[PDB]
Amino acid sequence: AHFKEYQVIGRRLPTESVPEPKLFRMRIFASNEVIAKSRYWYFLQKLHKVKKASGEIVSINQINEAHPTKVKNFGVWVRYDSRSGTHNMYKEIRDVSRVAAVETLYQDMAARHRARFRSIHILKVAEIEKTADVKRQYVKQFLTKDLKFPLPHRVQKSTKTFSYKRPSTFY
Amino acid sequence: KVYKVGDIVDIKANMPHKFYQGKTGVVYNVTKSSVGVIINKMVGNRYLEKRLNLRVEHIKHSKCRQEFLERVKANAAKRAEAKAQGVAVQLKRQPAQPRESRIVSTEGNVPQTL
Amino acid sequence: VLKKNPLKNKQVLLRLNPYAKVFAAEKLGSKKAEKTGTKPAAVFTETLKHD
Amino acid sequence: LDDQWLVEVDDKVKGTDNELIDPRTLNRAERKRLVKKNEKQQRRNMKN
Amino acid sequence: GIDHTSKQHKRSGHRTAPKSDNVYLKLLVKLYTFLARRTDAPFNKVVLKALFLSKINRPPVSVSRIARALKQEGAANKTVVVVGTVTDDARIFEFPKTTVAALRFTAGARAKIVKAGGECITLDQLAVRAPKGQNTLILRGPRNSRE
Amino acid sequence: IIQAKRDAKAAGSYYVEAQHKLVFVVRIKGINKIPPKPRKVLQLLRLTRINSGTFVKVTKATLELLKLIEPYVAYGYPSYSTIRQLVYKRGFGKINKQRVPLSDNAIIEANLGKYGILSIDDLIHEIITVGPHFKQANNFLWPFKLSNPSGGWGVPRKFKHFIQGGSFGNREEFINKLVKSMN
RNA sequence: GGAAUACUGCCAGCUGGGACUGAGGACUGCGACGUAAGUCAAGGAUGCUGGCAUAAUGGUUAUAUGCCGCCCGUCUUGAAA
RNA sequence: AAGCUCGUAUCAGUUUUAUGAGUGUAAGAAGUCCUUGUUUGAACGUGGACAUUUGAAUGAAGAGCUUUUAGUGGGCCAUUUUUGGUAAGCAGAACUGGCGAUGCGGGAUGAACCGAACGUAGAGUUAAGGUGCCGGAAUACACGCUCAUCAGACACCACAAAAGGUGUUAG
RNA sequence: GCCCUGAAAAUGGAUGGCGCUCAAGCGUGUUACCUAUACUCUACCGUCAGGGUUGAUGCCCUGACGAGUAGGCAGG
Ligand SMILES: [Mg+2]
Ligand SMILES: [Mg+2]
Ligand SMILES: [Mg+2]
Ligand SMILES: [Mg+2]
Ligand SMILES: [Mg+2]
Ligand SMILES: [Mg+2]
Ligand SMILES: [Mg+2]
Ligand SMILES: [Mg+2]
Ligand SMILES: [Mg+2]
C-alpha cells in the first residue's frame, strides 16, 4: 500500500539469573504494524537465533519524515533472494520522502525485476548530501542548472461521448 | 529389571515392524526370554488389540503416570493443610496465561540497530 | 414479537441501560483529558532518530 | 527370526495353550523337527 | 450451509400414545395424563408410563406374589397397584385381607381376594382414593421368565 | 495506560503493555472441503457456519486451536465499543436450549444471577474483563450470526493471510473495523 | 518557541434523502416524559385525501420480446459422444 | 426398531500438561487417608472417614446394556509419507480427502478446477470470477516494460542447448 | 525483465467472438463498481424439540432446522 516507516525494538524474554536481555532495533517499511512486527520477527530469526515464541516486542514507533517538503536524492541499497544466492543492488531515486522512495523502488522491482515484497529486502536508504555523489544519468539529468522542458502532444480527457470540434494537442 | 503383567512400557529399539517405534503398551506375557505387549492400533474407525512379542532390551518402563501420582499426592497434602487451616485453595491445573505489563529500562542497555 | 435495536431505538436503550441518560446529560462521550507537560528522554529521541 | 527384535503374534495361535510360547522358540522347534524328519527319511532310504 | 454436529429432526420417542383402541383404556390414560401434569407426582408418572406398555411388556402378577409383597414389614396395610392383570394362584393356602387396584382381575383371583376379605378396585377408584398415590405399592411381573 | 507510556518515555524506558486476554473469532470459509482436524476445532469453537463469531479467552490451550484454524478464520482483539454494539444488536442468550433475544435485563438476571451478573452491562463487563465467570457468560451467549461486510472484504482474494494481502489470520486491532462492518 | 493540520480511533452528538416490509389483533410487561391527573416513537400501522366502480386491477388463452432449457427409459465408472 | 436403566450421565477425528519416539501413553468412586491382617520390601485386605473449590482447556443432551433386520462391497482421481526405478512414462505399501447418490455461481464449452451445498418468497451484502463491445460492472487512477512479416492475454510440464540475436531496459 | 529464432504438415476457423498497441498486453499498487439456491433481517409451509392447557392423538406460546440413489417409516 502506501508505505510507512517504523522502528521495532524487541528482545529475548528475560530468564532466571540472566536478566535484562539486550535490545535490538530495526527500521521496517510496511503498510501497518502487524506487517511490521511480522517482518521484524522474520529478519530477527534470519539474522540472530531468536524466535518469536522466545522473544517479545518492546516498542514500535512510526518515524515521520523530517523535511517532507524538501526534494532529495536517495541511494537505496537492497538485496533480493535468488536460486544462485543473495544479490546486491543499488538504485537512485529522486523524491521528497523515504517512504515514497521505497514505494517507487518496490514498483520498479515489480515492473523490471519481476520481484515481490517478501523477496525484496530494504538494506539501507541514505540521502545523497552532495550532488557530485549522484552517479546515475537518469537522476543526474534533472540536476542541471536552469532546467526547462516542454510537454508536447497534450491529450485532454473528454467527459462526453461526442465532440463537436476537432481536438488540439497544443500546450 | 523385572516386568510384570499390567506394567506400562515403551517400545524403543536399541528392520521389520518399524511402525512400532515409540508405541506404548501393556505387558500381558512374561517369559524367561521375551515379553508380550498389548498394542491398540487404529484400523479404519475402530481400535484393535494386537499381541506383540519383544526382547527384554527393546522395552523399558514407561513413566507416563508419574506426574499423575505425584499430583495426587500433592493435592492430598494441600487439601489436608487447607482443612487444618481454613483458606481458599486452588487445586486444578491452569493453562499458561498471557503475561502482564512491564517496564523495560535502557540503563546501560541502549538498543542497537542491526 | 419484534426485536428492536437499542443502538437505534432510544426507548429500548433507556430500558436496557438507565445510565444512558446520565451519560448523555454529562456528555461523557466527549470527555476532555487533563493537559500534562511530560517530555520524552533524549535517549528515546536519539534512538527514534537513529538509522 | 531368532534375532528379530519384534515378532507379531499370529491370530491362529490364540485359543490354544501354546500362546505363551516364544514364536522364535516355536520356529526353532519346527526347524529341528524338519531336520530330524529329513534324517529319518535318509535312514529309511538306507534301510531300503 | 451449516456443519451440523448432531442428527436433524430426531424424535424423542418414549411411547407418547397407546396403540390400543379400548375407549375405557383411553379414558384412564386421559385421567392419569391430567393427574401427572397437575400433581407432579412420581407415582402418577409411573402409572401413566405403565398404561402405555404392550401386552408382552405387561406380564401378569400373581396373588401369591401380592401376598409375598405384603409380607414385607410396614407394608401390611398399603394398597397394591398392578398395571395389568392379577391372576389366581392355587399354590398358596393363606391370603391376607387387603385392597388391590388393577386393570383386570381373573375370576379366581377376584374370588380369592374377596373371600380373604379385601376389595378389588379399578385404577379410577384408586385415583379417587389416593390422588397422589399415598400408601401404594406398585408391583411388576416377571419379564425374562417367558421366551 | 496512556500515562504509564508517557512516564516510561520521560525516564528513558519503554512501557510494555500486557498481552490481550480476549480475542474475537469469525469463521470466513464455508463448510465444503474442510480438513477433519480444523473442522473438529471449528465445531469445538462453535463456528458452524460462515460469518459466525465467538469470543475466546486467550490461553496456551486456545492459541493452538486458533493456530490450527488460522486459514479459515479472521480473529483479533475487540474493543469496548465493538463488544457493546455486538451484544446490543446481535446478542442472544441460550435458555433451555433455545435462542432468546436479550431485550430485557430480567432475562439475564434470571439466567446468570447466580454468578452476580444482573444486566446486559454486567455481561459486557464480564466479557471485556475476563472474569471468574467468563466461561459461563460466554457459553450463555449464542454464537453471533454476522452478515457479510457492508463495504466488502477490502481485498480481491480473501483466502490468503492478512499479512500477505488476504483476509485470514490474526489482524489484531483491525478486527474491530471488520466486525463493525459485518455487524 | 508557539500553534495548526493530516492519520487512526471514540461519542448512550445532531440532521437530510431513498428502498423493502406492517406479521400480530380487548387488557396484562418492561420503560420514558411528567408534582399532578395523564401522555408516549415503550411486548409488530395508523391517520387524512383523490379517482374508478369496471374489463380499470386481475385471471385465462394465442402470440411477441430478453435470458435460460440436448430425448426419454434402461444398462453401463461414464456418457452429447 | 423395541425394550430396560442412568442422565454434571456418557463422552470428543481438538488443544494443554507430564512422559516416549524420531506420532504413542496417561490426566481420580474401576479414587484417597489412617489403622497392620495374607504369602524387615513389593503385591492382596480388616474397620472408620473426607465432595456440589472431585482433581487442565474447549464443546456437547442425550449416553450405556440386551434383543432384533433392509441394501451393499473390489471403484476412479488427487494430496502427504516411504521402497525400487525406467529413454521416458512409472511400479509396490501407509494414511487422508473429492466423486458415485448433488443441484447452484464462476472457469466460453466439461467426471474429478475455483466458490458454495438446495423448503416458498421479498430486501440488503458478498464468495470465486470480473468491469472496451457481445455482457450486469471504471475506454478508473498510478508507477514501469514490450512492437512480434500471423506478439500476448495458458495450463507454470515439455520443446529448452538458461543455446543463438549489432532488439530494448535495469543491474 | 520483455521481444525475435528456439520446426511445421495437409477441407476453412478461432486468447469464446469482435477487436485491442503510452492496450482492451505483461508486473504491481490504491479505490469504486457487478452479482450465487452462500451470509444477515422479515413473512409463509412443513418437520423436530421445549413449555401451558378441566375439534385432549385438539388448542395456545417459544426455538431450531429443510440436499439425496438403494433402502426404511408416516400421512394421504
Ligand atoms: Mg438451511
Ligand atoms: Mg454497495
Ligand atoms: Mg474477490
Ligand atoms: Mg392486465
Ligand atoms: Mg442454452
Ligand atoms: Mg455495460
Ligand atoms: Mg515439435
Ligand atoms: Mg475482457
Ligand atoms: Mg494492470
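Letters A, B, ... mirror the listed sequences (proteins, then strands); counts begin at 1. Values below: all heavy atoms of this structure, side chains included; hydrogens, waters and symmetry mates excluded.
For the neighbouring bases H:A51 and H:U52, no stacking contact is recorded, as ring-centre distance under 5.5 Å and ring-plane angle under 30° do not both hold. For the neighbouring bases H:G129 and H:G130, a stacking contact is recorded, both ring-centre distance under 5.5 Å and ring-plane angle under 30° holding. In this strand, H:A21 stacks onto H:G22; the six-membered rings sit under 5.5 Å apart at an angle under 30°.
Annotation: H:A117 and G:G25 have their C1' atoms spaced 41 Å apart (nearest Å). Only the P atoms considered, H:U169 is 15 Å distant from H:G144, to the nearest whole Å. Here the separation of G:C68 from H:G136, taken at their P atoms, is 13 Å to the nearest Å. Annotation: H:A57 and H:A18 have their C1' atoms spaced 16 Å apart (nearest Å). Rounded to whole Å, the P atom of H:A91 lies 27 Å from the corresponding atom of H:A101.
Pairing check for G:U63 against G:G34: the two fail the Watson-Crick or G-U wobble geometry, since the two atom distances are not both under 3.5 Å. Pairing check for G:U8 against G:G31: the two fail the Watson-Crick or G-U wobble geometry, since the two atom distances are not both under 3.5 Å. Remark: the bases of H:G71 and G:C14 do not meet in a Watson-Crick or G-U wobble pair with both edge contacts under 3.5 Å. Here H:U72 is not matched with H:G124 as a Watson-Crick or G-U wobble partner, both contacts being required under 3.5 Å. Pairing between H:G152 and I:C20: present (Watson-Crick or G-U wobble, both distances under 3.5 Å). Remark: the bases of I:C22 and H:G20 do not meet in a Watson-Crick or G-U wobble pair with both edge contacts under 3.5 Å. Taking 3.5 Å as the upper bound for both contacts, G:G44 does not pair with G:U74 in Watson-Crick or G-U wobble fashion. Pairing between G:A32 and G:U39: present (Watson-Crick or G-U wobble, both distances under 3.5 Å).
Counting non-hydrogen atoms under 4.0 angstrom, F:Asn139 reaches the backbone sugars and phosphates but no base. Within the nucleic acid shown, A:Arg83 has no heavy atom closer than 4.0 Å to any nucleic acid atom. Backbone-only contact: F:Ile50 has heavy atoms under 4.0 Å from sugar-phosphate atoms and none from a base. Here F:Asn105 lies out of heavy-atom contact (under 4.0 Å) with every strand. At a threshold of 4.0 angstrom between heavy atoms, the contacts of B:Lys23 are confined to the sugar-phosphate backbone, with no base atom among them. Among the atoms of the strands shown, none is found under 4.0 Å from any heavy atom of A:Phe117. Nucleic acid contact for F:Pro149: sugar-phosphate only, since backbone atoms but no base atoms lie under 4.0 Å from a heavy atom of the residue. Residue contacts shown for C:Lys4 are limited to sugar-phosphate atoms, with no base heavy atom under 4.0 Å away. Within 4.0 Å (heavy atoms only), F:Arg27 reaches no atom of the nucleic acid at all. Using a 4.0 Å heavy-atom cutoff across all strands shown, F:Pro36 reaches at least one base atom of the nucleic acid. Among the atoms of the strands shown, only primed sugar atoms or phosphate atoms (P, OP1, OP2) are found under 4.0 Å from some heavy atom of E:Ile2. Using a 4.0 Å heavy-atom cutoff across all strands shown, F:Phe174 reaches no nucleic acid atom at all. Within 4.0 Å (heavy atoms only), E:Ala17 reaches no atom of the nucleic acid at all. F:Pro38 comes within 4.0 angstrom of nothing in the nucleic acid, heavy atoms only.
Salt bridge absent: F:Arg49 and E:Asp3 never bring a charged side-chain N and a carboxylate O closer than 4.0 Å. Comment: F:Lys67 engages F:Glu64 in a salt bridge, judged by a side-chain N to carboxylate O separation of less than 4.0 angstrom.
South is the pucker assigned to the sugar of H:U102, its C1'-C2'-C3'-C4' torsion being negative. The pentose of G:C71 belongs to the south class of puckers. Its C1'-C2'-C3'-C4' angle has a negative sign. I:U35 has a negative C1'-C2'-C3'-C4' torsion, placing its sugar in the south range. In H:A161, the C1'-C2'-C3'-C4' torsion is positive, which places the sugar in the north family. For I:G51, the torsion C1'-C2'-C3'-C4' is above zero, which places the sugar in the north, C3'-endo range.
F:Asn183 and F:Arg90 share a side-chain donor-acceptor pair at under 3.5 Å. Neither side chain, F:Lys177 nor F:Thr82, offers a donor N or O lying under 3.5 Å from an acceptor on the other.
Put simply, CE on A:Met109 is 12 Å from P on H:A170, counting in whole angstrom units. Atom-to-atom, NZ of B:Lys83 to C1' of H:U53 comes out at 10 Å; the value is rounded to the nearest Å. With rounding to whole Å, C:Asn5 atom CG is found 16 Å from H:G124 atom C1'. Atom CZ in B:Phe19 sits about 17 Å away from atom P in H:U81, given to the nearest Å. Rounded to an integer number of Å, the gap from C:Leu2 CG to G:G24 P is 13 Å. What separates CZ of B:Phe68 from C1' of H:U25 is a distance of 14 Å, to the nearest Å. Atom CG of F:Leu42 is separated from atom P of H:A60 by 14 Å (rounded to the nearest Å). Separating the CD1 atom of B:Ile39 from the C1' atom of H:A21 is a distance of 13 Å, rounded to the nearest angstrom.
Relative to the side chain of F:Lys29, the nucleotides H:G59, H:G115, H:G3 differ in distance, and H:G115 lies closest.
Nucleotide H:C133 forms a Watson-Crick or G-U wobble pair with I:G17, both donor-acceptor distances falling under 3.5 Å. Pairing partner, I:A67: none, since no Watson-Crick or wobble contact has both distances short of 3.5 Å.
Dashed line: the shortest gap from a side-chain N or O of F:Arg99 to OP1 or OP2 of I:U62 is not under 4.0 Å. Between F:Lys97 and I:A64 there is no side-chain N or O to OP1 or OP2 distance below 4.0 Å.
Relative ring orientation between A:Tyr106 and A:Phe117 is described as tilted, the plane-to-plane angle lying within the 30° to 60° band. Between C:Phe23 and C:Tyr19, the two ring planes are perpendicular [angle over 60°; tilted spans 30° to 60°]. Taking the six-membered ring for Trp and thresholds of 30 and 60 degrees, B:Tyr3 and B:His61 have nearly parallel ring planes, at less than 30 degrees apart.
Looking at F:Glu64, its side chain has no donor and acceptor atom pair within 3.5 Å of the base of H:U16. With hydrogens and angles ignored, a donor-acceptor pair under 3.5 angstrom links the side chain of F:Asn148 to the base of I:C39. A donor-acceptor contact under 3.5 angstrom links the side-chain atoms of C:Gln11 to the base of G:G31. Side-chain atoms of F:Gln98 and base atoms of I:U62 include a donor and an acceptor less than 3.5 Å apart.
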Contact string for nucleotides 71-76 of chain I, one letter per nucleotide 5' to 3', B = base within protein heavy-atom range under 4.0 Å, S = sugar-phosphate only, - = neither, reads ------
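Along RNA chain I, the nucleotide nearest F:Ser147 and the nucleotide nearest F:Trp142 are compared for position; the residue whose nucleotide lies closer to the 5' end is F:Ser147. For E:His4 and F:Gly151, each mapped to the nucleotide of RNA chain I holding its nearest heavy atom, the one lying further toward the 5' end belongs to F:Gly151.
Taking the centre and axis of the six-membered ring of A:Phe29, the NZ or CZ atom of A:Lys4 falls outside the cone set by 45° and 6.0 Å.
More than 12 non-hydrogen atoms from other residues, nucleotides or ligands lie less than 6.0 angstrom from NZ of A:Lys91.
Base orientation of H:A128: anti (glycosidic angle beyond 90° from 0).
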